[PDB]
Every structure is written in structure tokens, then in C-alpha cells.
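Here are the chains, one letter per residue:
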Amino acid sequence: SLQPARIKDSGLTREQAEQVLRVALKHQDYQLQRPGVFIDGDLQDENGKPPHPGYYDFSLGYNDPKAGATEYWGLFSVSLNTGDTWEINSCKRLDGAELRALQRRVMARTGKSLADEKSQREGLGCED
Amino acid sequence: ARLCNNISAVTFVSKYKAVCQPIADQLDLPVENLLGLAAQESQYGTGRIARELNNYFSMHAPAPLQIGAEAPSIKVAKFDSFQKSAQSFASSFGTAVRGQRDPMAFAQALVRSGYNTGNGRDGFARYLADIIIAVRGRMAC
């Protein structure tokens, strides 16, 4: 989970990154506990690796039987080293007091900064 | 510039932009509208339903041209290829979205057709329209 002691200095696991995202999404509402809604972290490139180096990616979606296809509400990238969380279609950095507190805890464990992952962040295609 | 730095996204757009063209033409749509929808549904080709089931439009089963179905309450279709999943979308929803070239109009027609019920900051249409515009730009990368 997200106790400081359970965060390895090598970074968040995929499961921990999802928990960070879930904290992030509480601040935006998004309705995570409604039937048909899911967060999916099984997003992979052709070699089975996360699509955006330095991050784990997650989709937020919804299946309604009156629809004919899945409806998607977000595609997110969560940094393994800082917990920085972006919605990478709208190119918005998620925020909120609870999320920032978690990120400071993650960074105190990994010893890494937002500046340390500047190149990887640029790889999200959301900032120059 | 920035758009081209998302390698995953550029890879997806480069891979499938040409195969989307004739289907978009048949529906009187800019190709980016169709390819943008696939990018939305498949997380630029990284989602499991796309990778494993070739279902790049996350079509619920049963869908035309499907070769099988699998639960991800609701089953999703399996296809032979991206192209078949796009043809399936066209079969079920094409008449409803045809000629809706403006990205907002396209997204609104998608909702009217029942593809998504469609009902963060922006609403469903603006969010999808932004993906379509991003795809248009990534086609140049």
C-alpha cells in the first residue's frame, strides 16, 4: 500500500501507482464506485512494457448496456518516482491537497524530483 | 513538436492512419475523426482489448464481423484485425455518423447513435474532439 515504509526507493509498483491515481481521482469526483466503471492498468507496448517510460499508464472507463461500446473518461500516467499524475489526452496535471501530500511522501522515499524526470515527462507529449 | 514527443501515440497513428482512410472516405469523414475514436477506445493501441482482441473501437458483442466475444455483464467483440474492427464500427454506427466532419458534431452524433451514452473539466464531446485534433497533428510526425 502507500505507507512510507512500503514505498521502495526504486519507485512505486504498478499497484501503488494505481492507488495514487485513485487518490487523485477522488478530488475530481469521476464516480469510481458506480457499476460498470473501471480503472485498467494493463496498458502495454509491443514488448509488454509501460507505454511511457518513467510512468505507469491507466485508463478510466465505463460499460453501459444501453451503449454499443466502452466509454472512456481518462488516460492517465503516474510517475513511479514522484507520483506526479497527468491526464495525457487533455494534458492536465492532476492536483489536490491529498495527492500532493502523497507525492511528497513518495519523493521522500525515492529521493527523486519532478526535475529529475523532465525528459520522461516530455515523453508524455504535454509540455515543450 | 510536443505532439511528436509522445512516442506511443505517434507509433499508433503512424501504424493505422492509412488503413483508416478508405473507411473514413466511405463515411464522408476526415480520417482523424475515425483514427481519433480508435485512439480514445484503445489508449493509442495499448489497451488489452485492442492488443489481444484486435478490437480498436471497444465494440460490445455481438458486433458485425466479430470472430468471437469475451467479458472484459457485458462481452466485448474479438476481430481479425484493426481493419475489421473499424469495418464493424462502420457497419453498426456508420450511417449515424456519416458526414459529421466537424469533430464536435462527430462526437455528438456518436452519442445520438448510442455508441456511448456520454451522459474532469470538459464534457464527452470536447474531450473526444481534442483527441481528434491531436491525432490530426500526430499524423504529421
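Refer to the structure above for everything that follows.
Sequence-order numbering is used: residues on each chain count from 1 as written, possibly diverging from the entry numbering, and only residues with coordinates are shown. Here every chain gets a letter starting at A, and every ligand a number starting at 1, in the order they are written. Values shown for side chains rest on all heavy atoms present in the structure; no hydrogens or waters enter the calculation. Residues with missing side-chain atoms are left out of burial classes, side-chain pairs and their counts.

1. Quick word on the overall build of chain A
Labels follow the DSSP assignment, with helices taken as runs of H or I lasting at least four residues and strands as runs of E lasting at least two, numbered in each case from the N terminus. On a plain count of helices and strands, chain A comes out with 3 helices and 5 strands. Listed N to C, the secondary structure of chain A is α-β-β-β-β-β-α-α in terms of helices and strands. In this setup the radius of gyration rests on C-alpha atoms only. A globule is expected at 2.2 Å times the number of residues raised to 0.38. On C-alpha atoms alone, chain A measures out to a radius of gyration of 15 Å, which is about the 14 Å that the 2.2 N^0.38 rule sets for 128 residues. For the C-alpha atoms alone, the extent of chain A along its principal axes is close to 50 × 30 × 25 Å. The contact definition used throughout considers only heavy atoms, calling two residues in contact when any of these lie within 4.5 Å. For chain A, contacts bridging at least 24 residues in sequence account for 52% of all contacts bridging at least 6.

2. Notes on the sheet that holds strand β2 (residues 55–62) of chain A
Residue and element names in this part refer to chain A. Two strands pair under a simple rule: DSSP has to find at least two bridges between them. Within the open sheet, the 5 strands sit side by side as β1-β2-β3-β4-β5. Their pairing is antiparallel. Of all the strands in the sheet, just β1 (37–40) and β5 (92–93) have a single pairing partner and so form its edges. The pairing of β1 with β2 spans 4 bridges and is classified as antiparallel. Paired with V37 across the bridge in β2 is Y62.

3. Considerations on the state of the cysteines
Note on terminology: pairs of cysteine sulfur atoms within 2.5 Å are recorded as disulfides. Taken as a whole, this structure holds 2 disulfides over all chains when the rule is applied. A sulfur-sulfur distance of 2.1 Å marks the disulfide that ties A:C91 to A:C126. What sets the handedness of the A:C91 and A:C126 disulfide is the S-S torsion sign, and at about -70° it is left-handed. One end of the pair, A:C91, is in the loop between β4 (85–87) and β5; the other, A:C126, is in the segment after α3 (118–122), with 35 residues separating them in the sequence. Judged by relative accessible area, which is 29%, A:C91 ranks as partly exposed. With its sulfur 2.0 Å from that of its partner, B:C4 forms a disulfide with B:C141. An S-S torsion of about -85° defines the bridge between B:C4 and B:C141 as left-handed. Residue classification places B:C4 among the partly exposed positions, given a relative accessible area of 28%. Free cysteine: B:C20, not disulfide-bonded; nearest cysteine sulfur from B:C141 at 16 Å. For every residue, the accessible area obtained with a 1.4 Å probe (protein chains only) is divided by the maximum for its type, and the residue is called buried under 20%, exposed over 50%, and partly exposed between those limits.

4. As for the interface of chain A and chain B
Taken together, the contact between chain A and chain B spans 31 residues of the former and 32 residues of the latter. Taken together, the elements giving at least two residues each to the side of chain A that touches chain B come down to β2 and β3 (71–79) of chain A. For this classification, the nonpolar set comprises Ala, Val, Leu, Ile, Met, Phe, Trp, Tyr, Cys and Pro, the charged set comprises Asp, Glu, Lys and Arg, and every other residue, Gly included, is treated as polar. Counted by class, the side of chain A that touches chain B contains 11 nonpolar, 12 polar and 8 charged residues.

5. With respect to the packing of aromatic side chains
Stacked, tilted and edge-to-face are the three classes assigned to paired rings of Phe, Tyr and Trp, where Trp is represented by its six-membered ring and a pair needs centres within 6.5 Å; plane angles under 30 degrees give stacked, over 60 edge-to-face, the rest tilted. Enumeration over the complete set of coordinates arrives at 15 aromatic pairs over all chains. When the ring of A:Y30 is compared with that of A:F76, the centres are 6.1 Å apart and the planes differ by 85°; the resulting orientation is edge-to-face. Linking A:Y30 in the loop between α1 (14–27) and β1 with A:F76 in strand β3, this pair joins segments that are 46 residues apart in sequence. By the ring-pair criterion, three or more aromatic residues cluster together here, those being B:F12, B:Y16, B:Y44, B:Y56, B:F57, B:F82, B:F89, B:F93 and B:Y115.

6. Describing helix α1 (residues 7–26) of chain B
Here a helix's expected span is defined as the number of its residues, less one, multiplied by 1.5 Å. Compared with the 28 Å implied by 1.5 Å per residue over 20 residues, the 29 Å span of α1(B) between its first and last C-alpha is a close match. At B:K17, α1(B) shows its maximal kink, close to 50°. To get the bend at a given residue, fit one axis to the seven residues ending there, fit another to the seven starting there, and take the angle between those axes.

7. Some points on the side chain of A:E71
Position of A:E71 among the secondary structure elements: in strand β3. Within the buried set, A:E71 has no salt-bridge partner at all; the shortest N-O distance to an opposite charge, 14 Å, is to B:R112. Any pair of N or O atoms that falls within 3.5 Å is considered a polar contact. Within protein, one atom must be able to donate a hydrogen and the other to accept it, and sequence-neighbouring residues count only if both atoms are side-chain atoms. Only 2.8 Å separates the side chain of A:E71 from the backbone nitrogen of B:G118, close enough to count as a polar contact. What A:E71 contacts, discounting residues up to four positions off in sequence, is A:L60, A:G61, A:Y62, B:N116, B:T117, B:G118, B:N119 and B:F124. Only four residue types enter the tally: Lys and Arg on the positive side, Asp and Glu on the negative side, with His and both chain ends excluded. In what follows, salt bridge is the name for a side-chain nitrogen of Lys or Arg lying within 4 Å of a carboxyl oxygen of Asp or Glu.

8. A word on the pattern of salt bridges
Under the criterion given, the structure shown has 10 salt bridges over all chains. In this structure, the salt-bridge partner of A:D42 is B:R51, at a minimum N-O distance of 3.3 Å. With one member in each of two chains, A:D42 in the loop between β1 and β2 and B:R51 in helix α3 (residues 48–53) form a pair that bridges those chains. Under the relative-accessibility criterion, B:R51 is labelled partly exposed at 24%. Its salt-bridge partner being B:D28, residue B:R101 comes within 3.0 Å of it at the nearest N-O pair. Overlapping salt bridges, with partners in common, bring together B:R48, B:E52, B:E70 and B:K78 in one network.

9. Digging into the packing of helix α2 (residues 31–42) of chain B against helix α6 (residues 124–138) of chain B
Residue and element names in this part refer to chain B. Axis definition: a line fitted to C-alpha atoms, limited for helices to the stretch in contact. Angles are taken between N-to-C directions and run from 0 to 180 degrees. Between α2 and α6, whose axes approach to 8 Å, the crossing angle comes to 115°. Of the possible angle classes, the one that applies to α2 and α6 is roughly perpendicular. In the crossing of α2 with α6, the sense of the turn from one axis to the other is right-handed. Between α2, through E32, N33, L35, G36, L37, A39 and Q40, and α6, the contact on the second element is made entirely by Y127, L128, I131, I132, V135 and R136. Looking at the contact of α2 with α6 residue by residue, the class counts come to 8 nonpolar, 3 polar and 2 charged. What sets the label is the angle itself: under 35 degrees gives roughly parallel, over 145 gives roughly antiparallel, 65 to 115 gives roughly perpendicular, and the rest give oblique. If you view the pair so one helix is near and one far, a crossing is left-handed when the near helix is turned anticlockwise from the far one by less than a right angle, and right-handed when it is turned clockwise.

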